[PDB]
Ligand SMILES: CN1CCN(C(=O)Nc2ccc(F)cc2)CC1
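Presented below, as C-alpha cells, is a lone chain in the form solved without this ligand.
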C-alpha cells in the first residue's frame, strides 16, 4: 500500500447556542448549503480527517462523539477512529480519522488557552490539537473569541494570547509559536468579528443578504479589515466568502435574523455577521487547496449556522535511508550566501540565527552577524557568507526538496527570539545560488525580514 501524497481534511465550526443539535447534521459533513459547496458525486467519499470545533456546546464529550461517529457512519459506512477530543468550558475540538490512518498518526498533543483577566476570564479562549501524519505536522485551533461589535481590538488580543500560549507540536521548536510549528495550521471557530455598519442600516443589511449581494457587507467585515491592516491573522489565508452571514438567526428557521438589542444581549445589536470562520497557514510551496467553504441551511437549533471548509493538503512519507535518521548523509548540504536580517527593533544587541528542521539531527546556532544602519533607520544584521553549512540526515532529493528550515534571530544578550520565519527547500534548481526570503514575526507580529541566497546539494 503506497503512502499518500495528498489527504482531504474537513474543518467544521459550529456555535451550538447551548442547545442540543437536531437528529440529522449530515449536510454539515457533506459541505451542502450556501457558499462553495462540495460536488454531489463526492458524497460517499470519506475525508481522511474530520476536525469538529464547537462553541456554546451543551453536550458531554460522550454525547457529541456518538452523534459525530453515527453521522459519518451513515454518510460513508466507515467507523471513524477518535484521534483527540479536548474541551475548555463549552469550547470543544474533536479529531476523527479513517481507520487506515491509525498507524500514520502519532505525537498527538492537546491544549487550551483561557483569554482575559478576572472579569473577562470565564468562558472565552481556544482548544487545539496537533499530530504527525507520516512526515507532515498538522495543527488545529478552535477559538471562541470576545463577542460584541465594539470589541474587535479585544478579539485581536485574544488571538495573540492564543498563538503565544497554546502548547502544541514539537516542544524542541522552543523559539517558535504555533504559527511556525506545522506544515498546515487550521484556525477556526466563533471568531466573533462583525459587519461594522451603523445600527440604523440593519434592515438594509438584511435586504442585501436576501439578494445574495455580500460585497458591500464583506467590505465592512472586521476580520477582513483587521487582516488587511495586519492587526490579526498575519500570513493566514481565508477562502472567499460566498454564503450569507451565519449570525444572528432566530432558532428553528433561517428566514429571520434576530439583530435588535434585548436584555439577553446586554442591550447590544447583533447585526448579521460572519462570526464563524476557517483560516489556514501552510509552509511555503506546500500543496493546500480549499475545495469547500460554506454554511448549512437546514440545521437551525442554534442562533448560528454551522460552517464547513474542506481542504486538499500535501503530505509526505516518513523517509528512512541507509544513513539518516541517526546520522548525516554527507552527499547533502544546505549553504547560505549573502544573508542579512532586517529588524524593526530599536535595540542594539548582537544577534545570531538558529536553524531548526526535521531534516537536521538537531538545531544549529550560527555566529553573531554584523549590525549596520539601514538607509531608512532599520537595523540590518549582516551574516554575509558566515552562516554554517547545514548537514541534512537524508540527501535524497525526493525527501530533501519537501523540507523546510525554520529560522529564529536571537539576541546574544538574552537568547530571546526577535523574529521567526520559514524557508522552503522546494527550489527551482539544486547546486545553484537562488534567492530565499521569509518575513520574520514574533508573537505573530511582523518584526523584520530575512533574505539572501541558498545553494542546496542533494544525492542527484
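Numbering follows the first chain given and starts at 1.
The same protein also has a form deposited with this ligand bound, omitted here; what follows describes it.
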| property | result |
| --- | --- |
| Partner contact for residue 251 in the deposited complex: this ligand, 4.5 angstroms, heavy atom | no |
| Contact test in the deposited complex: residue 206 vs this ligand, heavy atoms, 4.5 Å | no |
| This ligand contact at residue 81 in the deposited complex, heavy atom, 4.5 Å | yes |
| 4.5 Å heavy atom contact, residue 105 and this ligand in the deposited complex | yes |
| Segment that reaches this ligand in the deposited complex - one of 105 to 113, 196 to 204, 257 to 265, 302 to 310, heavy atoms within 4.5 Å | 105 to 113 |
